[PDB]
Amino acid sequence: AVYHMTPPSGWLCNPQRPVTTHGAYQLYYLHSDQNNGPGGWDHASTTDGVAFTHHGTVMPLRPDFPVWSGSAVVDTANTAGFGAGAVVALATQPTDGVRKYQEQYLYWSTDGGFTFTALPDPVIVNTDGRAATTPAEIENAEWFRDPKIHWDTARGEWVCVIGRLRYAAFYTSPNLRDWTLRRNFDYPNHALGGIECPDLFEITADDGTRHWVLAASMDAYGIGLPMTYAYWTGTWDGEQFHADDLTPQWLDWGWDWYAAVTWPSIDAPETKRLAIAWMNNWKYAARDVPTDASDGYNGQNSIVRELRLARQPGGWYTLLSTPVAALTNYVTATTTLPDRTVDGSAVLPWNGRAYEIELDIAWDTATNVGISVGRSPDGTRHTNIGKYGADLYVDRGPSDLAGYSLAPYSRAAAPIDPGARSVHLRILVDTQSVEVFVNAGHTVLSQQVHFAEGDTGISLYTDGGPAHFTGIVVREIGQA
């Protein structure tokens with residue numbers, strides 16, 4: 001990947017919410033030497049959200065004691081007693097290597113999050129596990145992970161949300177060590193998924209109102225929905241979370257945007273948040289990838305995006321997404337191409353493997369319009385991005401690579417007004433991925449695509465009528 005974070009080597013997995021220290025973002029992420037094997041937390045730093053500097057392991061795997069997802073906060077006020085400004089983290093670990101014993105262990109750092117020390121006794125015990133007898137009880141005790149901590153300014157205390165089987169548990173604490181159980185958060189459509197890597201935060205909307213947001217990585221594929229990140233706007237009152245609407249909204253409609261995490265930006269923590277996700281999907285994550293053979297590593301993170309909460313008619317709010325602005329600083333060349341009308345298909349006179357392409361498409365009677373990226377000159381390979389019916393789709397099927405096929409997960413789609421007769425697209429193409437930001441960023445589709453060396457072309461196509469392709473600009477991107 002030219003501009004997507006990847007591990008120097010090994011298996012990359014769940015990113016952990018970055019903390020801000022030493023004037024930079026300290027990102028942590030699950031890492032293992034063996035693909036889908038046990039591991040711990042590794043560390044990387046980024047000043048702009050694009051380029052990263054890897055620092056190695058920070059919370060190592062220990063004999064039959066791996067470290068799973070969690071979160072870290074800067075104890076500015078020294079509420080935990082490990083020193084003012086100490087970086088305090090909570091992570092799920094299966095005690096004694098026993099899955100039903102998975103509980104939350106605390107780790108702390110006094111050097112801005114570079115080295116950590118472990119607290120021998122877990123701060124949030126899995127009592128369910130030490131009583132689970134029936135299959136149901138055990139299955140439930142085996143889903144108690146990914147603690148996400150948030151400082152509730154209004155109540156002056158720490159609140160933590162933990163993922164369970166189809167529900168989320170909440171705990172509060174004044175010192176990060178002594179936690180008090182609160183009321184679970186239940187949602188009605190369990191076909192949605194069961195809550196992993198939950199997110200909890202406060203953000204101020206474009207109208208100045210403040211809001212809480214509870215989210216989590218799901219798996220609603222069974223009901224035609226994403227396997228990414230869903231969120232419920234609402235309020236946390238210290239006892240329970242009140243979702244404004246029990247039907248959640250989605251942040252990505254692509255195949256690969258899992259275990260996403262968000263964090264407040266440096267320049268505007270209350271209104272703008274940054275977000276990054278592991279670009280993989282458990283339907284096929286456990287396998288070797290092209291990069292394994294070519295570079296000895298497996299997995300990359302998504303591009304970092306900026307989020308903001310916008311008010312909607314009726315009084316509800318929704319998040320909008322956009323590529324981190326800093327990406328612009330890595331643009332090495334900018335190519336504009338003349339507007340053109342095409343009826344059928346046309347190959348653009350440009351080739352590349354890592355770039356961003358923006359364009360507008362307008363049509364009338366056409367029943368399908370789109371653009372193909374990663375097009376091989378032999379015409380057999382390409383990823384299609386277009387509008388059809390009520391879908392703004394991304395079809396990576398024609399890009400399936402022998403020995404690494406992503407089939408049958410080929411056509412992803414975001415909802416789009418079926419009456420739309422034009423659309424704006426901003427597409428980020430890298431060596432192993434395609435990320436599509438639609439229109440104003442309300443819908444985004446992120447997916448890994450295994451492009452071959454020669455998959456460099458771009459073509460335009462329509463079905464059922466001509467379309468006018470305008471404002472075509474391609475920005476080549478170079479790494480650091």
# chains A, B, ... in the order shown; residues from 1 in each chain; ligands from 1
$ closest_atom_pairs --of "region 69-170 of chain A" --to "region 190-198 of chain A" --cutoff "10 Å" --atoms "only C-alpha atoms" --output "tab-separated table"
residue	atom	partner	partner_atom	distance
A:69	CA	A:197	CA	7.1
A:70	CA	A:197	CA	7.7
A:71	CA	A:197	CA	9.4
A:143	CA	A:196	CA	8.8
A:144	CA	A:196	CA	9.1
A:145	CA	A:196	CA	7.4
A:146	CA	A:197	CA	5.2
A:147	CA	A:198	CA	7.5
A:148	CA	A:198	CA	6.5
A:149	CA	A:198	CA	9.9
A:160	CA	A:198	CA	9.8
A:161	CA	A:198	CA	6.8
A:162	CA	A:198	CA	6.7
A:163	CA	A:195	CA	5.1
A:164	CA	A:195	CA	6.2
A:165	CA	A:194	CA	5.0
A:166	CA	A:194	CA	3.7
A:167	CA	A:195	CA	6.4
A:168	CA	A:195	CA	6.7
A:169	CA	A:198	CA	10.0
$ write_last_selection --atoms "N, CA, C and O atoms" --output "compact mmCIF listing (two decimals), in the first residue's frame"
# COMPACT_ATOMS: atom_id res chain seq x y z
N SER A 69 -8.79 -6.39 22.00
CA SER A 69 -9.14 -4.98 21.92
C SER A 69 -9.53 -4.35 23.24
O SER A 69 -9.93 -5.03 24.18
N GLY A 70 -9.41 -3.03 23.29
CA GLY A 70 -9.75 -2.27 24.47
C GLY A 70 -9.70 -0.81 24.08
O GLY A 70 -10.11 -0.45 22.98
N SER A 71 -9.20 0.04 24.96
CA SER A 71 -9.08 1.46 24.66
C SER A 71 -8.17 2.10 25.69
O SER A 71 -7.91 1.51 26.74
N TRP A 143 -18.54 -13.61 25.62
CA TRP A 143 -18.72 -12.39 24.84
C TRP A 143 -18.83 -11.28 25.89
O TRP A 143 -19.92 -10.94 26.35
N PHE A 144 -17.67 -10.74 26.25
CA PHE A 144 -17.55 -9.70 27.27
C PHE A 144 -16.17 -9.08 27.01
O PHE A 144 -15.22 -9.31 27.76
N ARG A 145 -16.08 -8.30 25.93
CA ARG A 145 -14.82 -7.71 25.51
C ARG A 145 -14.88 -6.32 24.87
O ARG A 145 -15.95 -5.74 24.71
N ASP A 146 -13.70 -5.82 24.52
CA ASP A 146 -13.52 -4.53 23.85
C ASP A 146 -13.98 -3.30 24.63
O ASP A 146 -14.79 -2.52 24.14
N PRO A 147 -13.45 -3.10 25.84
CA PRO A 147 -13.86 -1.93 26.64
C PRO A 147 -13.47 -0.57 26.03
O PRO A 147 -12.30 -0.32 25.73
N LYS A 148 -14.46 0.30 25.86
CA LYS A 148 -14.24 1.63 25.31
C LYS A 148 -14.56 2.63 26.41
O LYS A 148 -15.70 2.72 26.85
N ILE A 149 -13.55 3.37 26.85
CA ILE A 149 -13.68 4.34 27.93
C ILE A 149 -13.88 5.78 27.47
O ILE A 149 -13.27 6.23 26.51
N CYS A 160 -17.62 3.39 30.84
CA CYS A 160 -17.04 2.41 29.93
C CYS A 160 -18.10 1.50 29.34
O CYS A 160 -18.99 1.03 30.06
N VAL A 161 -18.03 1.26 28.04
CA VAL A 161 -18.99 0.38 27.38
C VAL A 161 -18.28 -0.88 26.91
O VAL A 161 -17.20 -0.82 26.32
N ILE A 162 -18.90 -2.03 27.18
CA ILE A 162 -18.34 -3.32 26.81
C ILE A 162 -19.27 -4.11 25.89
O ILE A 162 -20.48 -4.12 26.09
N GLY A 163 -18.70 -4.77 24.89
CA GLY A 163 -19.49 -5.55 23.97
C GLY A 163 -19.88 -6.92 24.50
O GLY A 163 -19.05 -7.66 25.03
N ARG A 164 -21.16 -7.26 24.35
CA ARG A 164 -21.69 -8.55 24.80
C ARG A 164 -22.43 -9.20 23.63
O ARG A 164 -22.43 -8.67 22.52
N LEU A 165 -23.06 -10.35 23.86
CA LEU A 165 -23.79 -11.04 22.79
C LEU A 165 -25.11 -10.32 22.52
O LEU A 165 -26.07 -10.48 23.28
N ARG A 166 -25.14 -9.53 21.45
CA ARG A 166 -26.33 -8.77 21.05
C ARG A 166 -26.79 -7.71 22.03
O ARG A 166 -27.98 -7.37 22.09
N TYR A 167 -25.86 -7.18 22.82
CA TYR A 167 -26.18 -6.11 23.75
C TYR A 167 -24.87 -5.52 24.27
O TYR A 167 -23.81 -6.13 24.12
N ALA A 168 -24.95 -4.34 24.85
CA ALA A 168 -23.77 -3.67 25.37
C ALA A 168 -23.94 -3.39 26.85
O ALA A 168 -25.03 -3.03 27.30
N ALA A 169 -22.86 -3.58 27.61
CA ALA A 169 -22.89 -3.34 29.04
C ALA A 169 -22.15 -2.05 29.36
O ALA A 169 -21.17 -1.71 28.68
$ select_by_dssp --residues "region 302-406 of chain A" --states "helix (DSSP H, G or I)" --output "PyMOL selection string"
chain A and resi 325-330+397-399
$ residues_around --residues "residue 207 (chain A)" --least-positions-apart "4" --cutoff "10 Å" --atoms "only C-alpha atoms" --output "PDB file with N, CA and C atoms, in the first residue's frame"
ATOM      1  N   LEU A 309     -21.113  15.823  12.818  1.00  0.00           N
ATOM      2  CA  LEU A 309     -22.531  15.522  12.977  1.00  0.00           C
ATOM      3  C   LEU A 309     -23.386  16.657  12.428  1.00  0.00           C
ATOM      4  N   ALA A 310     -24.216  16.345  11.435  1.00  0.00           N
ATOM      5  CA  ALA A 310     -25.080  17.333  10.793  1.00  0.00           C
ATOM      6  C   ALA A 310     -26.550  17.146  11.135  1.00  0.00           C
ATOM      7  N   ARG A 311     -27.223  18.242  11.469  1.00  0.00           N
ATOM      8  CA  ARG A 311     -28.644  18.181  11.787  1.00  0.00           C
ATOM      9  C   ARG A 311     -29.447  17.928  10.512  1.00  0.00           C
TER      10      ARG A 311
END
$ closest_atom_pairs --of "region 204-316 of chain A" --to "region 26-46 of chain A" --cutoff "8 Å" --atoms "only C-alpha atoms" --output "CSV"
residue,atom,partner,partner_atom,distance
A:285,CA,A:36,CA,7.8
A:286,CA,A:36,CA,5.7
A:287,CA,A:35,CA,7.2
A:288,CA,A:35,CA,7.3
A:298,CA,A:35,CA,7.1
$ residues_around --residues "region 404-419 of chain A" --least-positions-apart "6" --cutoff "6 Å" --atoms "only C-alpha atoms" --output "MDAnalysis selection string"
chainID A and resid 253:254 389:397
$ write_last_selection --atoms "N, CA, C and O atoms" --output "CSV table (one decimal), in the first residue's frame"
chain,number,residue,atom,x,y,z
A,253,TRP,N,-20.6,1.2,3.7
A,253,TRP,CA,-21.4,0.2,3.0
A,253,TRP,C,-20.5,-0.8,2.2
A,253,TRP,O,-21.0,-1.6,1.5
A,254,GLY,N,-19.2,-0.7,2.4
A,254,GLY,CA,-18.3,-1.6,1.7
A,254,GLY,C,-18.1,-2.9,2.5
A,254,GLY,O,-18.6,-3.1,3.6
A,389,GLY,N,-30.3,1.6,-10.3
A,389,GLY,CA,-31.5,1.5,-9.5
A,389,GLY,C,-31.4,2.4,-8.3
A,389,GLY,O,-31.2,3.6,-8.4
A,390,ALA,N,-31.5,1.8,-7.1
A,390,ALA,CA,-31.3,2.6,-5.9
A,390,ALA,C,-30.0,2.3,-5.2
A,390,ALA,O,-29.8,2.6,-4.0
A,391,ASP,N,-29.0,1.9,-6.0
A,391,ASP,CA,-27.7,1.5,-5.5
A,391,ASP,C,-26.6,2.3,-6.1
A,391,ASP,O,-26.5,2.5,-7.3
A,392,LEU,N,-25.6,2.7,-5.3
A,392,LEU,CA,-24.4,3.3,-5.7
A,392,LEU,C,-23.5,2.1,-5.3
A,392,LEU,O,-23.2,1.9,-4.1
A,393,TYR,N,-23.2,1.3,-6.3
A,393,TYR,CA,-22.4,0.1,-6.1
A,393,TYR,C,-20.9,0.1,-6.4
A,393,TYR,O,-20.4,0.9,-7.2
A,394,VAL,N,-20.2,-0.8,-5.8
A,394,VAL,CA,-18.8,-1.0,-6.0
A,394,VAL,C,-18.7,-2.6,-6.2
A,394,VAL,O,-18.8,-3.3,-5.3
A,395,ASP,N,-18.4,-3.0,-7.5
A,395,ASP,CA,-18.3,-4.4,-7.8
A,395,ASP,C,-16.8,-4.8,-8.1
A,395,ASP,O,-16.3,-4.5,-9.1
A,396,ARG,N,-16.2,-5.5,-7.1
A,396,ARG,CA,-14.8,-5.9,-7.3
A,396,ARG,C,-14.7,-7.3,-7.9
A,396,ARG,O,-13.6,-7.8,-8.0
A,397,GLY,N,-15.8,-7.9,-8.2
A,397,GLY,CA,-15.8,-9.2,-8.8
A,397,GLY,C,-14.8,-9.4,-9.9
A,397,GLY,O,-14.0,-10.4,-9.9
$ residues_around --residues "residue 301 (chain A)" --least-positions-apart "4" --cutoff "7 Å" --atoms "only C-alpha atoms" --output "PyMOL selection string"
chain A and resi 4-6+276-279
$ atom_distance --atom1 "CA of residue 210 (chain A)" --atom2 "CA of residue 241 (chain A)"
14.8 Å
$ residues_around --residues "region 353-365 of chain A" --least-positions-apart "4" --cutoff "8 Å" --atoms "only C-alpha atoms" --output "VMD selection string"
chain A and resid 2 to 3 369 374 421 to 431 455 to 456 464 to 478
$ atom_distance --atom1 "CA of residue 351 (chain A)" --atom2 "CA of residue 398 (chain A)"
17.9 Å
$ atom_distance --atom1 "CA of residue 438 (chain A)" --atom2 "CA of residue 378 (chain A)"
28.9 Å
$ residues_around --residues "residue 25 (chain A)" --least-positions-apart "2" --cutoff "12 Å" --atoms "only C-alpha atoms" --output "number ranges by chain"
A: 16-23, 27-28, 43-54, 74, 112-114, 262-266, 274-275, 304
$ select_by_dssp --residues "region 362-444 of chain A" --states "strand (DSSP E or B)" --output "PyMOL selection string"
chain A and resi 362-363+368-375+383-388+391-395+411-415+422-430+433-438+443-444
$ closest_residue --among "A:72, A:203, A:12, A:118" --to "residue 318 (chain A)" --atoms "only C-alpha atoms"
A:203
$ closest_residue --among "A:179, A:158, A:461, A:212" --to "residue 347 (chain A)" --atoms "only C-alpha atoms"
A:461
$ closest_residue --among "A:222, A:56, A:352, A:296" --to "residue 9 (chain A)" --atoms "only C-alpha atoms"
A:296
